[PDB]
$ cat target.txt   # compact mmCIF, N, CA and C atoms
# COMPACT_ATOMS: atom_id res chain seq x y z
N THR T 441 -26.76 46.70 27.58
CA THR T 441 -26.71 46.28 26.18
C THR T 441 -25.27 46.14 25.71
N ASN T 442 -24.44 47.12 26.05
CA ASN T 442 -23.03 47.05 25.67
C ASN T 442 -22.39 45.80 26.24
N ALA T 443 -22.77 45.46 27.47
CA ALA T 443 -22.31 44.20 28.05
C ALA T 443 -22.80 43.02 27.24
N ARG T 444 -24.07 43.05 26.85
CA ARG T 444 -24.68 41.95 26.13
C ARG T 444 -23.91 41.68 24.85
N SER T 445 -23.39 42.73 24.24
CA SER T 445 -22.56 42.55 23.06
C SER T 445 -21.18 42.04 23.42
N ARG T 446 -20.56 42.56 24.48
CA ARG T 446 -19.26 42.03 24.89
C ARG T 446 -19.35 40.54 25.20
N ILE T 447 -20.53 40.06 25.56
CA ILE T 447 -20.75 38.64 25.74
C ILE T 447 -20.93 37.95 24.39
N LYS T 448 -21.79 38.50 23.55
CA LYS T 448 -22.28 37.82 22.35
C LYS T 448 -21.62 38.29 21.09
N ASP T 449 -21.31 39.55 21.05
CA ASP T 449 -20.94 40.15 19.80
C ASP T 449 -19.57 39.65 19.41
N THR T 450 -19.57 38.70 18.49
CA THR T 450 -18.33 38.12 18.02
C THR T 450 -17.47 39.22 17.42
N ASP T 451 -16.19 39.23 17.79
CA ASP T 451 -15.23 40.11 17.13
C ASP T 451 -14.83 39.41 15.84
N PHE T 452 -15.80 39.30 14.95
CA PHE T 452 -15.66 38.52 13.73
C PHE T 452 -14.59 39.07 12.81
N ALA T 453 -14.09 40.28 13.07
CA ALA T 453 -12.90 40.76 12.40
C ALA T 453 -11.70 39.88 12.73
N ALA T 454 -11.77 39.13 13.82
CA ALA T 454 -10.84 38.05 14.11
C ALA T 454 -11.34 36.70 13.58
N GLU T 455 -12.63 36.44 13.75
CA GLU T 455 -13.17 35.14 13.35
C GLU T 455 -13.15 34.97 11.84
N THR T 456 -13.03 36.06 11.09
CA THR T 456 -12.79 35.95 9.66
C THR T 456 -11.47 35.25 9.40
N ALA T 457 -10.44 35.64 10.13
CA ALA T 457 -9.15 34.98 10.00
C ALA T 457 -9.27 33.52 10.39
N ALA T 458 -9.94 33.24 11.51
CA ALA T 458 -10.19 31.86 11.88
C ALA T 458 -10.95 31.14 10.78
N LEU T 459 -11.89 31.84 10.16
CA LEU T 459 -12.71 31.24 9.12
C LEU T 459 -11.85 30.81 7.96
N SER T 460 -11.04 31.74 7.46
CA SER T 460 -10.16 31.42 6.36
C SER T 460 -9.35 30.20 6.71
N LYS T 461 -8.74 30.20 7.89
CA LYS T 461 -7.95 29.05 8.33
C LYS T 461 -8.72 27.74 8.18
N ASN T 462 -9.99 27.72 8.60
CA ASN T 462 -10.74 26.48 8.47
C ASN T 462 -10.98 26.11 7.01
N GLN T 463 -11.45 27.07 6.20
CA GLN T 463 -11.64 26.83 4.77
C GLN T 463 -10.36 26.30 4.15
N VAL T 464 -9.27 26.97 4.48
CA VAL T 464 -7.94 26.62 4.05
C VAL T 464 -7.64 25.17 4.39
N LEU T 465 -7.89 24.76 5.63
CA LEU T 465 -7.62 23.39 6.03
C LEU T 465 -8.45 22.39 5.22
N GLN T 466 -9.74 22.69 5.01
CA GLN T 466 -10.58 21.82 4.19
C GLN T 466 -9.91 21.56 2.86
N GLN T 467 -9.56 22.65 2.19
CA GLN T 467 -8.85 22.58 0.92
C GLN T 467 -7.59 21.74 1.03
N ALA T 468 -6.74 22.03 2.01
CA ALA T 468 -5.40 21.44 2.03
C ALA T 468 -5.46 19.96 2.30
N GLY T 469 -6.08 19.58 3.42
CA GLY T 469 -6.18 18.17 3.73
C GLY T 469 -6.85 17.40 2.62
N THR T 470 -7.78 18.04 1.92
CA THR T 470 -8.39 17.39 0.78
C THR T 470 -7.33 17.05 -0.27
N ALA T 471 -6.59 18.06 -0.73
CA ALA T 471 -5.57 17.82 -1.74
C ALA T 471 -4.57 16.77 -1.27
N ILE T 472 -4.25 16.79 0.02
CA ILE T 472 -3.41 15.75 0.59
C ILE T 472 -4.05 14.39 0.38
N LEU T 473 -5.37 14.30 0.54
CA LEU T 473 -6.04 13.01 0.36
C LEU T 473 -6.02 12.58 -1.10
N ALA T 474 -6.24 13.53 -2.01
CA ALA T 474 -6.13 13.24 -3.44
C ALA T 474 -4.76 12.69 -3.78
N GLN T 475 -3.74 13.13 -3.05
CA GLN T 475 -2.41 12.56 -3.21
C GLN T 475 -2.30 11.22 -2.49
N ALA T 476 -2.85 11.14 -1.29
CA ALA T 476 -2.64 9.98 -0.43
C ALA T 476 -3.23 8.73 -1.05
N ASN T 477 -4.43 8.84 -1.59
CA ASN T 477 -5.10 7.69 -2.16
C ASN T 477 -4.45 7.20 -3.45
N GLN T 478 -3.46 7.91 -3.97
CA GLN T 478 -2.66 7.42 -5.08
C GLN T 478 -1.55 6.49 -4.65
N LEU T 479 -1.21 6.47 -3.36
CA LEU T 479 -0.09 5.65 -2.89
C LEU T 479 -0.30 4.16 -3.16
N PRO T 480 -1.34 3.51 -2.63
CA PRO T 480 -1.46 2.05 -2.82
C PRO T 480 -1.55 1.65 -4.27
N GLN T 481 -2.22 2.48 -5.07
CA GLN T 481 -2.27 2.30 -6.51
C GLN T 481 -0.88 2.08 -7.09
N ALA T 482 0.03 2.99 -6.76
CA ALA T 482 1.39 2.90 -7.25
C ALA T 482 2.07 1.64 -6.75
N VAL T 483 1.93 1.36 -5.45
CA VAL T 483 2.59 0.21 -4.82
C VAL T 483 2.33 -1.05 -5.64
N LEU T 484 1.07 -1.35 -5.87
CA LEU T 484 0.76 -2.61 -6.54
C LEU T 484 1.04 -2.55 -8.02
N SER T 485 0.72 -1.43 -8.67
CA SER T 485 0.97 -1.32 -10.10
C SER T 485 2.43 -1.62 -10.43
N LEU T 486 3.32 -1.36 -9.48
CA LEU T 486 4.74 -1.57 -9.72
C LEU T 486 5.17 -2.97 -9.31
N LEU T 487 4.72 -3.46 -8.16
CA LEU T 487 5.17 -4.78 -7.72
C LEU T 487 4.66 -5.88 -8.62
N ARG T 488 3.61 -5.61 -9.37
CA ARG T 488 3.10 -6.54 -10.34
C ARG T 488 3.88 -6.52 -11.65
N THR O 441 -6.74 0.53 14.21
CA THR O 441 -6.74 0.09 12.82
C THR O 441 -5.31 -0.04 12.31
N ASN O 442 -4.48 0.95 12.61
CA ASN O 442 -3.09 0.89 12.18
C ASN O 442 -2.41 -0.35 12.76
N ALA O 443 -2.75 -0.68 14.00
CA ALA O 443 -2.26 -1.93 14.58
C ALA O 443 -2.77 -3.12 13.80
N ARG O 444 -4.05 -3.10 13.45
CA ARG O 444 -4.67 -4.22 12.76
C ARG O 444 -3.94 -4.50 11.46
N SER O 445 -3.44 -3.45 10.82
CA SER O 445 -2.65 -3.64 9.62
C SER O 445 -1.25 -4.14 9.94
N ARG O 446 -0.61 -3.59 10.97
CA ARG O 446 0.71 -4.11 11.35
C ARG O 446 0.65 -5.60 11.68
N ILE O 447 -0.53 -6.08 12.09
CA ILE O 447 -0.72 -7.50 12.29
C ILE O 447 -0.93 -8.21 10.96
N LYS O 448 -1.83 -7.68 10.13
CA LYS O 448 -2.34 -8.37 8.97
C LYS O 448 -1.73 -7.92 7.68
N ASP O 449 -1.44 -6.66 7.61
CA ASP O 449 -1.11 -6.07 6.34
C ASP O 449 0.25 -6.56 5.92
N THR O 450 0.23 -7.52 5.01
CA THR O 450 1.46 -8.09 4.51
C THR O 450 2.29 -7.00 3.87
N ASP O 451 3.58 -6.97 4.20
CA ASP O 451 4.51 -6.09 3.50
C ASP O 451 4.88 -6.81 2.21
N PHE O 452 3.88 -6.93 1.34
CA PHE O 452 3.99 -7.73 0.14
C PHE O 452 5.03 -7.18 -0.82
N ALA O 453 5.52 -5.96 -0.60
CA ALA O 453 6.69 -5.49 -1.32
C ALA O 453 7.91 -6.34 -1.01
N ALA O 454 7.88 -7.08 0.10
CA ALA O 454 8.83 -8.15 0.37
C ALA O 454 8.33 -9.51 -0.13
N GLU O 455 7.04 -9.79 0.08
CA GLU O 455 6.50 -11.09 -0.29
C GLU O 455 6.47 -11.28 -1.79
N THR O 456 6.56 -10.20 -2.56
CA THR O 456 6.76 -10.32 -3.99
C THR O 456 8.08 -11.02 -4.28
N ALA O 457 9.13 -10.61 -3.59
CA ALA O 457 10.41 -11.26 -3.75
C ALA O 457 10.33 -12.72 -3.34
N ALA O 458 9.69 -12.98 -2.20
CA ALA O 458 9.46 -14.36 -1.80
C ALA O 458 8.68 -15.10 -2.87
N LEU O 459 7.71 -14.42 -3.47
CA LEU O 459 6.87 -15.04 -4.47
C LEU O 459 7.69 -15.48 -5.66
N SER O 460 8.48 -14.55 -6.19
CA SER O 460 9.33 -14.88 -7.32
C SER O 460 10.16 -16.08 -6.98
N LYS O 461 10.81 -16.06 -5.81
CA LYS O 461 11.62 -17.20 -5.39
C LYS O 461 10.86 -18.51 -5.49
N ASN O 462 9.60 -18.54 -5.04
CA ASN O 462 8.86 -19.79 -5.13
C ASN O 462 8.58 -20.18 -6.58
N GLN O 463 8.07 -19.24 -7.38
CA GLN O 463 7.84 -19.50 -8.80
C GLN O 463 9.10 -20.02 -9.46
N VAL O 464 10.20 -19.34 -9.17
CA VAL O 464 11.52 -19.68 -9.63
C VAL O 464 11.84 -21.13 -9.29
N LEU O 465 11.63 -21.52 -8.03
CA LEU O 465 11.93 -22.89 -7.63
C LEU O 465 11.09 -23.90 -8.40
N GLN O 466 9.79 -23.62 -8.57
CA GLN O 466 8.93 -24.50 -9.36
C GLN O 466 9.57 -24.77 -10.70
N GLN O 467 9.88 -23.69 -11.39
CA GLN O 467 10.55 -23.77 -12.68
C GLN O 467 11.83 -24.60 -12.60
N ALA O 468 12.70 -24.29 -11.65
CA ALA O 468 14.04 -24.86 -11.67
C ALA O 468 14.01 -26.34 -11.38
N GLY O 469 13.43 -26.71 -10.24
CA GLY O 469 13.35 -28.12 -9.90
C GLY O 469 12.65 -28.91 -10.99
N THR O 470 11.69 -28.28 -11.66
CA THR O 470 11.06 -28.96 -12.78
C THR O 470 12.08 -29.30 -13.85
N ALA O 471 12.80 -28.29 -14.35
CA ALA O 471 13.79 -28.53 -15.39
C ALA O 471 14.82 -29.56 -14.94
N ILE O 472 15.17 -29.53 -13.66
CA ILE O 472 16.04 -30.55 -13.10
C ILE O 472 15.41 -31.92 -13.27
N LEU O 473 14.09 -32.02 -13.07
CA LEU O 473 13.44 -33.32 -13.21
C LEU O 473 13.41 -33.76 -14.67
N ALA O 474 13.16 -32.83 -15.59
CA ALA O 474 13.22 -33.14 -17.01
C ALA O 474 14.59 -33.68 -17.39
N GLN O 475 15.63 -33.22 -16.69
CA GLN O 475 16.95 -33.79 -16.89
C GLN O 475 17.10 -35.11 -16.16
N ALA O 476 16.59 -35.18 -14.93
CA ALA O 476 16.83 -36.33 -14.07
C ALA O 476 16.24 -37.59 -14.65
N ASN O 477 15.02 -37.50 -15.16
CA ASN O 477 14.35 -38.67 -15.69
C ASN O 477 14.96 -39.17 -16.99
N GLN O 478 15.93 -38.45 -17.56
CA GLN O 478 16.69 -38.95 -18.69
C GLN O 478 17.83 -39.86 -18.28
N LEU O 479 18.21 -39.86 -17.00
CA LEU O 479 19.34 -40.67 -16.56
C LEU O 479 19.14 -42.16 -16.80
N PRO O 480 18.12 -42.81 -16.23
CA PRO O 480 18.01 -44.27 -16.39
C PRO O 480 17.88 -44.70 -17.84
N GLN O 481 17.18 -43.88 -18.63
CA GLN O 481 17.09 -44.08 -20.07
C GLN O 481 18.46 -44.29 -20.68
N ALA O 482 19.37 -43.38 -20.39
CA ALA O 482 20.72 -43.46 -20.93
C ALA O 482 21.42 -44.71 -20.43
N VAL O 483 21.32 -44.97 -19.12
CA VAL O 483 22.01 -46.10 -18.50
C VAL O 483 21.75 -47.38 -19.30
N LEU O 484 20.47 -47.69 -19.48
CA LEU O 484 20.16 -48.96 -20.12
C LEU O 484 20.39 -48.93 -21.61
N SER O 485 20.04 -47.82 -22.26
CA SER O 485 20.25 -47.72 -23.70
C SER O 485 21.69 -48.01 -24.08
N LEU O 486 22.62 -47.73 -23.16
CA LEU O 486 24.03 -47.93 -23.44
C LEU O 486 24.49 -49.32 -23.03
N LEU O 487 24.07 -49.80 -21.85
CA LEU O 487 24.55 -51.11 -21.41
C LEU O 487 24.02 -52.23 -22.29
N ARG O 488 22.95 -51.97 -23.01
CA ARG O 488 22.41 -52.92 -23.95
C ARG O 488 23.15 -52.91 -25.28

$ encode --input "target.txt" --output "structure tokens"
Amino acid sequence: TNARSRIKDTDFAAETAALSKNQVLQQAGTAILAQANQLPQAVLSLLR
Amino acid sequence: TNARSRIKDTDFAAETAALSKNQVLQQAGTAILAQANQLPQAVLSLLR
């Protein structure tokens, strides 16, 4: 049984950190996109 | 896709300048013509 856990039993005290990292990335790349999609808007609004 | 834009995606931030130049030429050569077509008028109005 102890083996069965060493196989399966996630050391989620580490995977929590991994988890935050993923949540974090979702957030960050999103905000980057909210910024990114403003670029072409500016380009044309000005050249016009 | 990025290639597809490097092929197609006009760097219209330059073509705007080209655009103005063309509009500009339309205007200028036109005014030149408004002047040019006054020449023969003057020629005869005076020699008569």

$ closest_residue --input "target.txt" --among "O:459, O:486, O:443, O:465" --to "chain T" --atoms "only C-alpha atoms"
O:459

$ interface_residues --input "target.txt" --of "chain O" --to "chain T" --cutoff "8 Å" --atoms "all atoms listed in the file" --output "VMD selection string"
chain O and resid 452 to 453 456

$ atom_distance --input "target.txt" --atom1 "CA of residue 472 in chain T" --atom2 "atom N of residue 458 in chain T"
21.6 Å

$ axis_aligned_box --input "target.txt" --around "range 472-482 of chain O" --padding-each-side "5 Å" --output "lines of an AutoDock Vina configuration file"
center_x = 17.3
center_y = -37.1
center_z = -17.0
size_x = 18.3
size_y = 25.2
size_z = 17.9

$ build_atoms --input "target.txt" --residues "range 467-488 of chain T" --atoms "N, CA, C and O atoms" --output "PDB file, in the frame of the given file"
ATOM      1  N   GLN T 467      -9.560  22.650   2.190  1.00  0.00           N
ATOM      2  CA  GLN T 467      -8.850  22.580   0.920  1.00  0.00           C
ATOM      3  C   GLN T 467      -7.590  21.740   1.030  1.00  0.00           C
ATOM      4  O   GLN T 467      -7.373  20.812   0.235  1.00  0.00           O
ATOM      5  N   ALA T 468      -6.740  22.030   2.010  1.00  0.00           N
ATOM      6  CA  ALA T 468      -5.400  21.440   2.030  1.00  0.00           C
ATOM      7  C   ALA T 468      -5.460  19.960   2.300  1.00  0.00           C
ATOM      8  O   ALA T 468      -4.945  19.155   1.515  1.00  0.00           O
ATOM      9  N   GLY T 469      -6.080  19.580   3.420  1.00  0.00           N
ATOM     10  CA  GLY T 469      -6.180  18.170   3.730  1.00  0.00           C
ATOM     11  C   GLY T 469      -6.850  17.400   2.620  1.00  0.00           C
ATOM     12  O   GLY T 469      -6.486  16.260   2.344  1.00  0.00           O
ATOM     13  N   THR T 470      -7.780  18.040   1.920  1.00  0.00           N
ATOM     14  CA  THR T 470      -8.390  17.390   0.780  1.00  0.00           C
ATOM     15  C   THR T 470      -7.330  17.050  -0.270  1.00  0.00           C
ATOM     16  O   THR T 470      -7.192  15.892  -0.670  1.00  0.00           O
ATOM     17  N   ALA T 471      -6.590  18.060  -0.730  1.00  0.00           N
ATOM     18  CA  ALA T 471      -5.570  17.820  -1.740  1.00  0.00           C
ATOM     19  C   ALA T 471      -4.570  16.770  -1.270  1.00  0.00           C
ATOM     20  O   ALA T 471      -4.089  15.952  -2.069  1.00  0.00           O
ATOM     21  N   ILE T 472      -4.250  16.790   0.020  1.00  0.00           N
ATOM     22  CA  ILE T 472      -3.410  15.750   0.590  1.00  0.00           C
ATOM     23  C   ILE T 472      -4.050  14.390   0.380  1.00  0.00           C
ATOM     24  O   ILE T 472      -3.361  13.410   0.095  1.00  0.00           O
ATOM     25  N   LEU T 473      -5.370  14.300   0.540  1.00  0.00           N
ATOM     26  CA  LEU T 473      -6.040  13.010   0.360  1.00  0.00           C
ATOM     27  C   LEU T 473      -6.020  12.580  -1.100  1.00  0.00           C
ATOM     28  O   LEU T 473      -5.810  11.404  -1.405  1.00  0.00           O
ATOM     29  N   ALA T 474      -6.240  13.530  -2.010  1.00  0.00           N
ATOM     30  CA  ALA T 474      -6.130  13.240  -3.440  1.00  0.00           C
ATOM     31  C   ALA T 474      -4.760  12.690  -3.780  1.00  0.00           C
ATOM     32  O   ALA T 474      -4.609  11.884  -4.701  1.00  0.00           O
ATOM     33  N   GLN T 475      -3.740  13.130  -3.050  1.00  0.00           N
ATOM     34  CA  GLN T 475      -2.410  12.560  -3.210  1.00  0.00           C
ATOM     35  C   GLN T 475      -2.300  11.220  -2.490  1.00  0.00           C
ATOM     36  O   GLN T 475      -1.706  10.270  -3.021  1.00  0.00           O
ATOM     37  N   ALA T 476      -2.850  11.140  -1.290  1.00  0.00           N
ATOM     38  CA  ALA T 476      -2.640   9.980  -0.430  1.00  0.00           C
ATOM     39  C   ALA T 476      -3.230   8.730  -1.050  1.00  0.00           C
ATOM     40  O   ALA T 476      -2.598   7.666  -1.052  1.00  0.00           O
ATOM     41  N   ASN T 477      -4.430   8.840  -1.590  1.00  0.00           N
ATOM     42  CA  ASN T 477      -5.100   7.690  -2.160  1.00  0.00           C
ATOM     43  C   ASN T 477      -4.450   7.200  -3.450  1.00  0.00           C
ATOM     44  O   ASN T 477      -4.863   6.156  -3.964  1.00  0.00           O
ATOM     45  N   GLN T 478      -3.460   7.910  -3.970  1.00  0.00           N
ATOM     46  CA  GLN T 478      -2.660   7.420  -5.080  1.00  0.00           C
ATOM     47  C   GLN T 478      -1.550   6.490  -4.650  1.00  0.00           C
ATOM     48  O   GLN T 478      -0.985   5.787  -5.495  1.00  0.00           O
ATOM     49  N   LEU T 479      -1.210   6.470  -3.360  1.00  0.00           N
ATOM     50  CA  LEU T 479      -0.090   5.650  -2.890  1.00  0.00           C
ATOM     51  C   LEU T 479      -0.300   4.160  -3.160  1.00  0.00           C
ATOM     52  O   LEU T 479       0.504   3.569  -3.903  1.00  0.00           O
ATOM     53  N   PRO T 480      -1.340   3.510  -2.630  1.00  0.00           N
ATOM     54  CA  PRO T 480      -1.460   2.050  -2.820  1.00  0.00           C
ATOM     55  C   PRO T 480      -1.550   1.650  -4.270  1.00  0.00           C
ATOM     56  O   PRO T 480      -0.999   0.605  -4.658  1.00  0.00           O
ATOM     57  N   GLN T 481      -2.220   2.480  -5.070  1.00  0.00           N
ATOM     58  CA  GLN T 481      -2.270   2.300  -6.510  1.00  0.00           C
ATOM     59  C   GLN T 481      -0.880   2.080  -7.090  1.00  0.00           C
ATOM     60  O   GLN T 481      -0.623   1.111  -7.809  1.00  0.00           O
ATOM     61  N   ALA T 482       0.030   2.990  -6.760  1.00  0.00           N
ATOM     62  CA  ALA T 482       1.390   2.900  -7.250  1.00  0.00           C
ATOM     63  C   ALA T 482       2.070   1.640  -6.750  1.00  0.00           C
ATOM     64  O   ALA T 482       2.732   0.932  -7.533  1.00  0.00           O
ATOM     65  N   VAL T 483       1.930   1.360  -5.450  1.00  0.00           N
ATOM     66  CA  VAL T 483       2.590   0.210  -4.820  1.00  0.00           C
ATOM     67  C   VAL T 483       2.330  -1.050  -5.640  1.00  0.00           C
ATOM     68  O   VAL T 483       3.266  -1.716  -6.110  1.00  0.00           O
ATOM     69  N   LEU T 484       1.070  -1.350  -5.870  1.00  0.00           N
ATOM     70  CA  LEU T 484       0.760  -2.610  -6.540  1.00  0.00           C
ATOM     71  C   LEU T 484       1.040  -2.550  -8.020  1.00  0.00           C
ATOM     72  O   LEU T 484       1.517  -3.539  -8.591  1.00  0.00           O
ATOM     73  N   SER T 485       0.720  -1.430  -8.670  1.00  0.00           N
ATOM     74  CA  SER T 485       0.970  -1.320 -10.100  1.00  0.00           C
ATOM     75  C   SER T 485       2.430  -1.620 -10.430  1.00  0.00           C
ATOM     76  O   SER T 485       2.739  -2.099 -11.522  1.00  0.00           O
ATOM     77  N   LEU T 486       3.320  -1.360  -9.480  1.00  0.00           N
ATOM     78  CA  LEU T 486       4.740  -1.570  -9.720  1.00  0.00           C
ATOM     79  C   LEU T 486       5.170  -2.970  -9.310  1.00  0.00           C
ATOM     80  O   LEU T 486       5.930  -3.616 -10.039  1.00  0.00           O
ATOM     81  N   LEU T 487       4.720  -3.460  -8.160  1.00  0.00           N
ATOM     82  CA  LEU T 487       5.170  -4.780  -7.720  1.00  0.00           C
ATOM     83  C   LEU T 487       4.660  -5.880  -8.620  1.00  0.00           C
ATOM     84  O   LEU T 487       5.205  -6.989  -8.620  1.00  0.00           O
ATOM     85  N   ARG T 488       3.610  -5.610  -9.370  1.00  0.00           N
ATOM     86  CA  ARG T 488       3.100  -6.540 -10.340  1.00  0.00           C
ATOM     87  C   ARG T 488       3.880  -6.520 -11.650  1.00  0.00           C
ATOM     88  O   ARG T 488       3.834  -7.470 -12.423  1.00  0.00           O
TER      89      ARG T 488
END
